[PDB]
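All residue numbers in the sequence shown are consecutive under the authors' numbering, ending with 188.
Just so you know, even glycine gets a beta-carbon here, dropped at the ideal spot from N, CA and C.
The structure appears below as structure tokens.
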Amino acid sequence: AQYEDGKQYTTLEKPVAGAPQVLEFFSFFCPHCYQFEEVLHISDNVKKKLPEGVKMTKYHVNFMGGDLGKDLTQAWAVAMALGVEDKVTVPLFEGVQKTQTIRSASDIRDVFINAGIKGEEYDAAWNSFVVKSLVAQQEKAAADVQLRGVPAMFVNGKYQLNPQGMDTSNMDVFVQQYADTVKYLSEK
Numbered sequence: 001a002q003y004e005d006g007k008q009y010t011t012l013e014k015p016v017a018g019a020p021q022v023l024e025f026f027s028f029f030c031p032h033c034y035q036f037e038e039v040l041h042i043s044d045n046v047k048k049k050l051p052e053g054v055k056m057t058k059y060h061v062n063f064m065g066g067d068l069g070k071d072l073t074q075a076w077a078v079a080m081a082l083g084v085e086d087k088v089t090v091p092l093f094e095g096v097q098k099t100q101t102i103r104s105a106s107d108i109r110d111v112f113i114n115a116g117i118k119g120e121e122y123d124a125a126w127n128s129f130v131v132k133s134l135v136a137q138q139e140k141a142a143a144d145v146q147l148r149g150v151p152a153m154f155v156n157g158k159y160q161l162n163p164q165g166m167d168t169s170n171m172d173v174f175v176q177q178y179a180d181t182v183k184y185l186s187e188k
């Protein structure tokens, strides 16, 4: 066929029940993730092609960057709880990978402050059980699929995108193949 299991995607031989429809994992320490977000704009092009009645989910992971990796998973929970993902994603990626000015939880906090989140509001969220449970969700979703690498995308808890099987000569063509593959898997 044109889309073949083991080529543009793989099937999980243990499917995950009740999973989010489109579920993407990343790390602010992850070099391809930086490309995916700032250069390729994957999440965004996928969304533009998804049918509707299908919502998109993105989670941070712990297994890169040790202690700071964990802080970032908690900060991303704060971002989700406050609905400020689209204001902190770029400065967090650049702070970790470009300027390398993020070295502590306080440095992560500064990014939110600079993005206009008030200090008390950030700290309140950081310490809240709603954020604790949101951290728990991120961990559980990753555990459910035995996640050992990012970037990663899963459709309906049964299919895993396989970008290694796509031409990268042209960055735009790669992105559409990626997005079109997600749509195909979505309609399966």
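Apart from the 5 residues on each side of it in sequence, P163 sits with its Cβ closer than 7 angstroms to the Cβ of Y178 in its chain, given in chain order.
For the options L161, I117, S169 and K98, the alpha carbon positioned closest to that of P151 is the one of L161. If you draw a 10 Å sphere on the C-beta of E85, you find fewer than 16 other C-beta atoms in it, and that means exposed. Under the three-state reduction of DSSP, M153 is assigned to strand. Here DSSP, grouped into helix, strand and coil, assigns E24 to strand. Selection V155, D180 and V173 evaluated against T10 yields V155 as nearest (Cα-Cα). In this structure, the CA atom of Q137 is about 23 angstroms from the CA atom of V90.
Note that the segment 12–20 does not touch the segment 60–79; fewer than 3 beta-carbon pairs, one per stretch, sit closer than 8 angstroms. For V175 against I42, the beta-carbon gap comes to about 6 angstroms, under 8 angstroms, which counts as contact. By the criterion of a C-beta distance shorter than 7 angstroms, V96 is surrounded in its chain by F28, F29 and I102, once the five residues flanking it on both sides are discounted. Taking C-alpha positions only, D107 is separated from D71 by approximately 11 angstroms. Rounded to whole angstroms, the separation of the alpha carbons of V145 and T181 is 20 angstroms.
Partner residues in the beta bridge of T11, as assigned by DSSP, are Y159. Per DSSP, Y3 is not a residue of any beta strand (DSSP E), being assigned neither H nor E. Taking the CA atoms as reference points, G6 sits about 10 angstroms from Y159. Spatial neighbours of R109 in its own chain (CB-CB distance under 7 angstroms, excluding positions within 5 residues in sequence) are listed in chain order as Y122. For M80, the enclosing alpha helix (DSSP H) starts and ends at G66 to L82. Exclusion of the five residues before and after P51 leaves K183, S186 and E187 as the residues of its chain whose Cβ lies within less than 8 angstroms of its Cβ.
Taking C-alpha positions only, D167 is separated from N62 by approximately 30 angstroms. Annotation: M166 is outside any beta strand (DSSP E) and is labelled neither H nor E by DSSP.
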